Amino acid sequence: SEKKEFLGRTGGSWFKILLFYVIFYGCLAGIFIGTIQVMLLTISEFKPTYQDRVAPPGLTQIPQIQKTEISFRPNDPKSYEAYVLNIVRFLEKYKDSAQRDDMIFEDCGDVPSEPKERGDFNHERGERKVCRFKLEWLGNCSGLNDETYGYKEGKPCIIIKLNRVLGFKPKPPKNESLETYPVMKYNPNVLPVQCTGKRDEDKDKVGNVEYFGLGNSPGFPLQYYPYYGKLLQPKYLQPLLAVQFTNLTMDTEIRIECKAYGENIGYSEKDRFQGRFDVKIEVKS
Amino acid sequence: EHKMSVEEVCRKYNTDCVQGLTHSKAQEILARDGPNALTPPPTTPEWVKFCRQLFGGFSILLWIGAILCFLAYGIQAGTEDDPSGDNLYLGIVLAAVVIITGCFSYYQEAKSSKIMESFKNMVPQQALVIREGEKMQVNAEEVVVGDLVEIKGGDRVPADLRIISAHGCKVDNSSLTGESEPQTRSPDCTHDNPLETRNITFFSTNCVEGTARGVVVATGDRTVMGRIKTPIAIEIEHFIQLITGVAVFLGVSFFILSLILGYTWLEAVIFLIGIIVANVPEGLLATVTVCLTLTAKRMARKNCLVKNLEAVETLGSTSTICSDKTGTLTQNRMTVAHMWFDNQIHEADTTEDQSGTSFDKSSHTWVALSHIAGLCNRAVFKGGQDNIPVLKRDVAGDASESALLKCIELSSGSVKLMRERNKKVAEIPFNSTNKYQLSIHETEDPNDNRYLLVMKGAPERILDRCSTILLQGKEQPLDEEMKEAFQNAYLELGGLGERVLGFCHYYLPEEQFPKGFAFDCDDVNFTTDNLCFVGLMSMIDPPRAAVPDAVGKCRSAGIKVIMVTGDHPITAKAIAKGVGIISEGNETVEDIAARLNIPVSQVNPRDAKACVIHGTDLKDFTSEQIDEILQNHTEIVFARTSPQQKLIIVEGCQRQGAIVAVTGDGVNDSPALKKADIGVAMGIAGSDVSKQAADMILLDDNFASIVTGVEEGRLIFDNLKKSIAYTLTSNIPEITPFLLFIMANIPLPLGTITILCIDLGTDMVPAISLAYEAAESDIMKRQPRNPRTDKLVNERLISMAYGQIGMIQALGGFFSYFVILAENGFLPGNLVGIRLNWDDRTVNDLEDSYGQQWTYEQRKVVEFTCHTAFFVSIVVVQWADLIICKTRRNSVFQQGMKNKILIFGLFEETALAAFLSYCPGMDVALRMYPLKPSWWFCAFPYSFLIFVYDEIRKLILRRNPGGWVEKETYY
Amino acid sequence: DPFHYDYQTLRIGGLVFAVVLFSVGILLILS
Ligand SMILES: Nc1ncnc2c1ncn2[C@@H]1O[C@H](COP(=O)(O)OP(=O)(O)O)[C@@H](O)[C@H]1O
Ligand code: ALF
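Protein chains in written order, with UniProt numbering: chain A, 19 to 303; chain B, 33 to 260, 271 to 1013; chain C, 28 to 58.
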C-alpha cells in the first residue's frame, strides 16, 4: 500500500516537481497570451478580415419558435403568451421614447431611398448617426392599440427581420420585367419580400396576406443599410416587415415560406434559413 | 526390444553388432524407411495468421467501432430522411485502416518467420554412427535402423537405442516420464516394462553424463517420442492493460457527459467510439512486430541464432556476463607445447624431423607418459586420414584428448595400434565434477601381466590421489621438495596461459588382482589411491581474435564480465589477463602479498579489485559471503568450478537483481544456461545439450556477436520507448478541447470525426516509422538499464507525454481555433458562455463582437472550419513532436536525418491533412472545410517552441549527466 | 467582401500541393 511517515509520500522534498510545473505552465500561459495579443493586433476592429462565411444573410422572425411551428388557441389567452411576450420584449427597443433626437438617433426618410453612406470605416469621425424606425409603419401589427399583435381574433402576425451584416448594402433585383413572379409597384430602394405556401395545397388556401412594410411596398427600405458595426453604430434599428394573415382556414398546419429576392441575396439547400424561412402555423379551438 | 540379448537384437536386423554397417545396406534401408524426422503438424496454421492478426491484437476495438458506425448509419437511414451520412465514410476508413494494419503486420511477421525457418534448418543434429568400424559426424536425419550408434555425455540421443555397452551413462528424459532426474543406464535389462528399464534410451533424450554404445531399434515417427514469457512482453502487456483501462474510463466519462449535454444517442455513441479509439495506441503491436523483424534481419546478417526474438531485449538489458574459459573465450584448438617429467621442463618437439632434440624420446619415464596419454584418450581419427599431416588431421572427441592424441601420433607413433595392443578392460569417462578420467589396460609383455590403471585429469586431483613419482624410470615417494618443485613448474607453465593436465598410473598387483577380475563402473573396487605420478602436459590455448575487442566493448557498456571456469586459478588468471577480464594494473590479494612480502591474512582484502577465488573454497562459502565477493570486487574470476558451483554463482549474481547472461559450450555449462536469464551457446564447439538449453546460438563461433546482440537489444528498447512517447502525446490535445468546451461553454473546438482523423493520420504511420529508426552514438556508452526502476513506461515518460508536450499541442490547437474564430468575427472575449446559444438549432440571430448576426448553419460552417484548423495544427505540431522523439539523449543535428521512412510518414500525414480539407465535396462527407493558406502557419510558432525546448533539454542532459534533469525529465 | 475569393482556387491549389507532397513522400523511400 501507499507508505507514509517514514520517508515521504513517494518522494522527499515534493516542492521540486510542483515548482517546475508551476513555472512551465506560467511561461506557457504567458507565451499563449502574448501570441493571442499579437494576433489581435492584426485583426481590424471596425470590420472583419473574412466575411464569406456570412454569405447573404438569412431572414428570421421575432416569434422565435422552438419547434419551427406556431400553435395556439384564441380561446386561451395563455396559449399565445409565449409568442406575444417574446414579440413585445424585442419590440420594446423600437418605442418612440427610446429613439430620441440629439446626436444619438436621427430623423430619417418616410419614403424608401438609396443606402446612406456614412463615410469610410476609419475612425476619422465619431459614432455614426442612426435612422429611426417607428411602430406606426408596422401599422395594425404593432401594439399601438391592443398589445396582442393578433393572436386574439385574427391569426398570428409574424414580423420578418434581416440579419445584420457589416457594411452590406443589398441591391433590389434588376430587370424587373420578369423577376420570375410579378410584383406590384416595382421600385428600387426596396428589397422585395414575399410570403407564400410551400406545397401546392399550401400555395393556395393560405388566404390573403397583407404586408405591413414601409412605404406601401412589401420589402426592406435601403435607407438604413449599410450596418456599420456595434462599436460604430450602437443602438442600430434595422428595418422590420410585418405580415398578417387576415383570413384563412383553421385547425390545419399551413406551411409558408417567406423568400426575399435580390441580386446580393443567395440561397443554400443546406441552410434552410438563409434568405428564406419556413413556418408551420395552425390555430386550435 | 528389451528382453532379448545383444546377439538376438543384432541378428534380428542382420547387422554387425560389433563393427557396424557398411554403406551397401545403409542406402537401401534408408530408402525403405526414409529419413527419421519426427512428424511436424499436418502442414502449418495456414491463412489463419492473417485473420488472427487483423482480428486479434489491439484491433478488436477498431472492429467494434467500425461495425457500430455502420449500424449507426443504418439506423440513421432507417429513420426520418437524414441524407448526410457522416458515418459510412468513417466506417470505410476505419475498416481500411484495420485491414492495412493487419496486412502490414502479417507481411512483417512472415518476413521474420522466413528467417526463423531458415535458422532452424541451418544447424542440424548429428550422431557418431559407426560404419565400417569408424565414427563419422553423420546428420541425425540420416541414421537408419540397424547401424551402431555411440552416445557421448552432453549430446542429444539421435533415436531409440538398444544399449550394448555403457559406462556410467545417465539419461535425462524430462519428456516421457516427467522425472527430470537423470537415470543410470546399463546393458542389462532390469524391468519387463520398456518405459522404465535401464537398457533402452528414448528418442530426443539427451545423455547428460557418461558414454555408451548401442544399436538403434526405432527411428522416425515410429519411435517412443513419435507416438506421445519475457520481461519485455510482460511490460508491453501491463502497459496495454493500463492504457486500455484509462481509455475506457475516459470514454465512459465522456459518454456520460455527452448524455447530460444531450447531443443525441448516435452522436454520443460515435463520440464514445472516437474517444476510445483515439486514447489507445493501436500502433504498438505493429511497431513491436517491425522491431522484431528488424532484429531478426540484423541477426541473420551475421549468422546468430535467436530462439525467441524477444530475448534480444533481455540481452540488451544485461548487466553481468559469465563466460567459460576454453571453447568460448579460446578457440578450443590446442596443441602440446611444454611437458614436465623427472624434475625438468621439456619443450614439445612438434616437428616431424625432431629439429632441436629438446627432449629425449627414449627414456622410460617418457615411454610411460606416452603410454598414459595414448591409452587414456577416447579420441579417434577419421576415415581416410592416412594421407593427411598429423597436425591437419581431423580428430573426433573433446579438444583436450584430440590434442593429446595428435601429439602422441606425431611424437610416439601409432595411437590406434598401441590401443589395440593393450586391451582395455575398464573405463570411467571424464566428468566435470570428477575432473579426472581413468581406464585400466592390460600389459602386452607377458613377463608380468600386471593390470595398468591409467589416470589423467586436473593436476591437483592427481597429486592428491598419487603418492610416488617416476624419476628417470625409478619410483620414489612425493617429497616436500618434490612437491615444491612440481608447484614451481606448474606456476611457470600457468604464467604462459596454457592448459596443463596431470598424468599418473599404477601397476595393479597380481596376488590381489587376478587375471579374471570383474570391475565395476559404479562400485569402486579399484585402488584409486597412492598412485605413481608421471608428469604434466601443457597445451597452447589461443584466445579468439575478436575476444579482446568484444570484452573491451562490453565492459565499456557498463556490463561486468565474470570468467567462471573449471581450470586452475593460475591458468584462468593468465587467460583473463590475455583477453582483458583483468585489465593491466588491476591487482589481486595474492599479488599484494607477493609484492609486499607479507602474509595474505595480514593483507586487507580491500586494496585488491580482482579476485581469483578457488572452487573448493566455494563449497565453504555461504550466500552472504558470495554476495560480499560479488559486491566488493569489480573484476571477478572464478576458477576450478563444478557445474553445480556454476549454477550457484549464477543464482548469487541473480540475487542482486542484475540481469546475468551465461555463455558456454560444454555439458558443464548446461545448468547455468538453464538458470541464467539469457543463455548463449557456441555453435561449432558447443555441445548439443548446451545449445538446446541456451536462448542464443553463435553459428560462426565469434565472441564479438554478443556485443552486437546487446547493441540490438538496447536499440529495440529505445525504439519502443520513443514510439510510446510519440504516440502518447496526442492524447491530451483531444480530451482537452472537449474539457474546455464543457468548462467554459465555448463552441466545440474538436469534433469526433477530426479526433479519429488525427488518430489515424498522426499516431498510425509515424508510430511504426519510429521503429525503423537507427541507433544513436550513446547506445554502447550508457549504463545498462535497471529493470526494476527504468521500466518501458514510467512516471517520467507519462509526464513528458501528457503535461509537457500534450499541453503544448493542445495550446497550439486552441490558438488555431481562436484565430479562426476571431478572423471570422468572434473575438475571444465574448466566447465564454456562448455554447448554449451557439448549439441551438432555432437561434439564427446570434450576435458577435462586431454586431453581425449569424444563422445556425452559417456559424456551424465556421465551427467546422475551426475543427479542420485544429486538425491541421495538431498535424503541424506533431511534425516537431516526431522530430524530437527521434532521439533520446543526443541532438537531432548529431543524430542526423538518415531515416527515410520518417520523412515518408511526415509527408504522408501532411498530404492527408491537405487532401482531407481541400478536396471538393468533402464539406458534406466528413464536415471538413477548406482553410486559408494564412491559417497553415498558426502552429508554426508552437512547433518551433517544442523543438527548441526539447533540444535545450537534451543539451542539458548531455552537459550535466546525473543532474535533476536526468532524474525527473529523462524518460 | 462577401463574394468568396480564396476557394474554387484554394481547392485546386491545395490539391496540387497535396499531390506534390504525396509524390515526394512516395518517391523518397524508393530512391
Ligand atoms: N578431456 C579430459 N580428459 C581428462 N582430463 C580433463 C579433460 N578435460 C579437462 N580435464 C581437466 O578437467 C579440468 C576442468 O575441466 P571441466 O570442468 O570439465 O571444464 P573446463 O576445463 O573447460 O573448465 C580441467 O582443468 C582439465 O585439466
Ligand atoms: F571451459 Al568449459 F565447458 F569449455 F568449462
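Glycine included, each C-beta is placed from N, C-alpha and C at the ideal position.
Residue i lies in the beta strand (DSSP E); which residues open and close that run?
i	result
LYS202/B	193-203
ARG43/B	Per DSSP, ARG43/B belongs to no beta strand (DSSP E); it is in the alpha helix (DSSP H), 38-44.
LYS996/B	That residue, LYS996/B, is in no beta strand (DSSP E); its alpha helix (DSSP H) goes 982-1001.
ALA278/A	272-278
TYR859/B	Not the beta strand (DSSP E): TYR859/B falls in the alpha helix (DSSP H), residues 849-866.
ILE821/B	No beta strand (DSSP E) contains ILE821/B, which DSSP labels as neither H nor E.
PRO611/B	Unbroken run through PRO611/B is the alpha helix (DSSP H), 611-621; no beta strand (DSSP E).
How would you write the range of the alpha helix (DSSP H) that residue i sits in, first residue to last?
i	result
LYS253/A	No alpha helix (DSSP H) contains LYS253/A, which DSSP labels as neither H nor E.
residue 262/B	Residue numbering in chain B breaks between 260 and 271, and residue 262/B falls inside that break, so it has no position here.
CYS799/B	794-804
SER144/B	120-152
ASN530/B	522-537
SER841/B	837-841
Judging by CA-CA distance, which residue of the options is the nearest neighbour of residue i?
i	options	result
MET341/B	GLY755/B, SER665/B, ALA652/B	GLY755/B
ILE720/B	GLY594/B, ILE701/B, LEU924/B	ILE701/B
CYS276/A	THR166/A, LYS298/A, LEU266/A	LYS298/A
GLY871/B	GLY26/A, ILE35/A, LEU58/A	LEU58/A
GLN554/B	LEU689/B, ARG492/B, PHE949/B, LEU834/B	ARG492/B
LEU77/A	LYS248/A, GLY280/A, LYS134/A, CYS126/A	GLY280/A
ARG541/B	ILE810/B, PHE913/B, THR607/B, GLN846/B	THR607/B
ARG182/A	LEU303/B, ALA588/B, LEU888/B	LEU888/B
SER580/B	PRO775/B, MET381/B, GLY165/B	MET381/B
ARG118/A	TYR101/A, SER97/A, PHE151/A	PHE151/A
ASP118/B	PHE982/B, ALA981/B, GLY539/B, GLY963/B	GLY963/B
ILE232/B	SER212/B, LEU512/B, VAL155/B, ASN205/B	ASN205/B
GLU63/A	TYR984/B, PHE989/B, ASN866/B	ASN866/B
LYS271/B	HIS280/B, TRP408/B, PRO791/B	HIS280/B
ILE926/B	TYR991/B, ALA410/B, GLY1004/B, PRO972/B	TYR991/B
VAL290/B	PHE313/B, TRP307/B, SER985/B	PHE313/B
Examine chain B for any beta-carbon lying closer than 7 Å to the beta-carbon of residue i, and answer yes or no.
i	result
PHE30/C	no
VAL51/C	yes
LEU55/C	yes
Mapping the DSSP letters down to three states, classify residue i as helix, strand or coil.
i	result
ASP428/B	coil
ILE80/A	coil
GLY706/B	strand
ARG541/B	strand
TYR242/A	coil
residue 263/B	Not modelled: residue 263/B, which lies between 260 and 271, the two residues flanking a gap in chain B.
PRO585/B	strand
Under 8 Å Cβ to Cβ from residue i, same chain only, skipping five residues before and after it: list those, please.
i	result
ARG931/B	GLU818, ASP820, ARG824, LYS996, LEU999, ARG1000, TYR1012
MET842/B	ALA767, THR1011, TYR1013
Between residue i and chain A, is any beta-carbon pair separated by less than 7 Å?
i	result
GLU629/B	no
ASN879/B	no
Looking only at its own chain, which residues have a Cβ that is under 6 Å from the Cβ of residue i, when we skip the five neighbours before and after it?
i	result
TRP155/A	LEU232
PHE472/B	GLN479
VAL129/B	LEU802
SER212/B	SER206
Grab me the residues of residue i's own chain with a C-beta within less than 7 Å of its C-beta, minus the 5 sequence neighbours each way, in chain order.
i	result
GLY161/A	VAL106, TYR167
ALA614/B	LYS367, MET605, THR607, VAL654, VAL679, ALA681
Under 7 Å, Cβ to Cβ, is there at least one residue of chain C near residue i?
i	result
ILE916/B	no
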